[PDB]
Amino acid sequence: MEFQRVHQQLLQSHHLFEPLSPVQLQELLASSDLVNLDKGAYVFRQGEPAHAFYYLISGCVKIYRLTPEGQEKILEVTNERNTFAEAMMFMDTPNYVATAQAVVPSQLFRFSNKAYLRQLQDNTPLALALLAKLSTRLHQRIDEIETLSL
């Protein structure tokens, strides 16, 4: 059962899991899936139901939308020990808006949106942190600021 110690250890450094207590982190890991991928394999495809975000244990993932004429528009390249797709929880959209593909053999933790948000419901510090993040992401929207209400 030693593996829980080492995984708590690397995850606790990351800002998405940091404000979580040891107890909450354990519970999040308990509902996660381990995901193994070859180079070229998809983590998820654009238009698929978005129910999970990912921590990249090892490897490298590119994120892009394919256009009507076949070409990739690239969103990001994610390096190991980083998360991706967590923004999906705070979009009013059912489906992944991009595709994520491993560019080398990779290994991930897939965390449920629903399980993470369950922890959030009893972690005010974490809620406030995400509120700060969402807020910076919606202040690069301060050229066409349409309202000062919520």
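Residue positions are given as counts along the sequence shown, with the first one as 1.
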{"query": "86-94 versus 112-120 - which carries the larger mean C-alpha B factor in the record", "finding": "86-94"}
{"query": "Greater mean Cα temperature factor according to the PDB record, 47-55 or 66-74", "finding": "66-74"}
{"query": "Residue 33 - Cα temperature factor, lowest/middle/highest third of chain", "finding": "lowest"}
{"query": "Third of the chain's Cα B-factor distribution that residue 102 belongs to, per the entry", "finding": "lowest"}
{"query": "Residue 16 - Cα temperature factor, lowest/middle/highest third of chain", "finding": "lowest"}
{"query": "For residue 23, the third of its chain into which the C-alpha B factor falls", "finding": "middle"}
{"query": "Third of chain Cα B-factors occupied by residue 128", "finding": "middle"}
